[PDB]
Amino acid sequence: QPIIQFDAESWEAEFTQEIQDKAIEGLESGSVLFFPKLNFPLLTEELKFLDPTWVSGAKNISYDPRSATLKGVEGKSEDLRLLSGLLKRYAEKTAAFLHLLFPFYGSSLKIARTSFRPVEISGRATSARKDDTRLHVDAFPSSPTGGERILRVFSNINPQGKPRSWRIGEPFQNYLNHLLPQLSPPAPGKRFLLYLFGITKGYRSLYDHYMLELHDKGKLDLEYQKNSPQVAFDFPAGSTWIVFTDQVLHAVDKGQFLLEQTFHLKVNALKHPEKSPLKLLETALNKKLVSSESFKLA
């Protein structure tokens, strides 16, 4: 059940506990939660941002709700204020929706960066490792997680009705098993140097090392990319979806105009921690993969 469809149409939707249970069980099992009727409307004064020329550099436009800081775009202060307001509203609406849908996580949901992506996917071309037309779980070389989950909310805001074309791959445990013969330990001392030199924000844990290896080696495995089990799904304009992108294999093939919000969640806040990439990797390699993990005496 790679995609679980929900009826909720509002960012303030009321959920029964039965729907909450369906959502958390599906999310933690590695399904995409799909809300075809959950549109994120833009204000008239924001429609001008549906324009790829707002991107000023190599990265997409980003907003940090914790610090109220907008990056990746240049321009007049007034335009930057409006664009910050758009991404801040996305941060607020997604955060409220997640608290309505996932009370089990309580206050453990920690918001991270908002992304606005106005460039058409089908014209993109990057290095193999950065090429998100290749199935991957999310792992970012400059930003180790220390084991925390990467939970993402996505909304297709295309104003011409164009879908966002994804592919969704096989379960994480099967992906890990497929790539296990290709995994290797880090070179001794290298991660410490990456930290000392400011290449990584924080220290890259062994977990983050292996997630990066899965991400990178999986993208370079051309036979796996072509032949592994996967479903193609078009997320319609005006829809929203929610997914642990560190667990669900995903790729994007085409589309334009997306809002995305990242949240972090500690593994011990999950309903079924044993389903997390951290615990699956720790079991598969029989070792502790994050030295900063808490210790449970019993």
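Numbering starts at 1 and runs along the sequence shown.
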Compared with other deposited entries of this protein, is residue 47 missing coordinates in at least a third of those that cover its neighbours? no
Please determine whether residue 66 lacks coordinates in at least a third of the other PDB entries of this protein that model its flanking residues. no
Comparing mean C-alpha B factor in the record for 76-84 and 168-176, the higher one is 76-84
Would you mind comparing 207-215 and 183-191 for me and telling me which has the higher average C-alpha temperature factor in the entry? 183-191
Out of 229, 30, 255, 41, which shows the largest CA B-factor listed in the entry? 229
In terms of CA temperature factor as recorded, identify the highest of 133, 115, 94, 145. 133
Splitting the chain's C-alpha B-factors into thirds, which one does residue 298 fall into? highest
Within-chain third of residue 269 by Cα B-factor, per the entry: middle
According to the PDB entry, is the CA B factor of residue 278 in the bottom, middle or top third of its chain, that is, lowest, middle or highest? lowest
Considering only modelled residues of the same chain, in which third does the CA B-factor of residue 250 rank: lowest, middle or highest? lowest
Lowest, middle or highest third: where is residue 54 by C-alpha B factor in its chain? highest
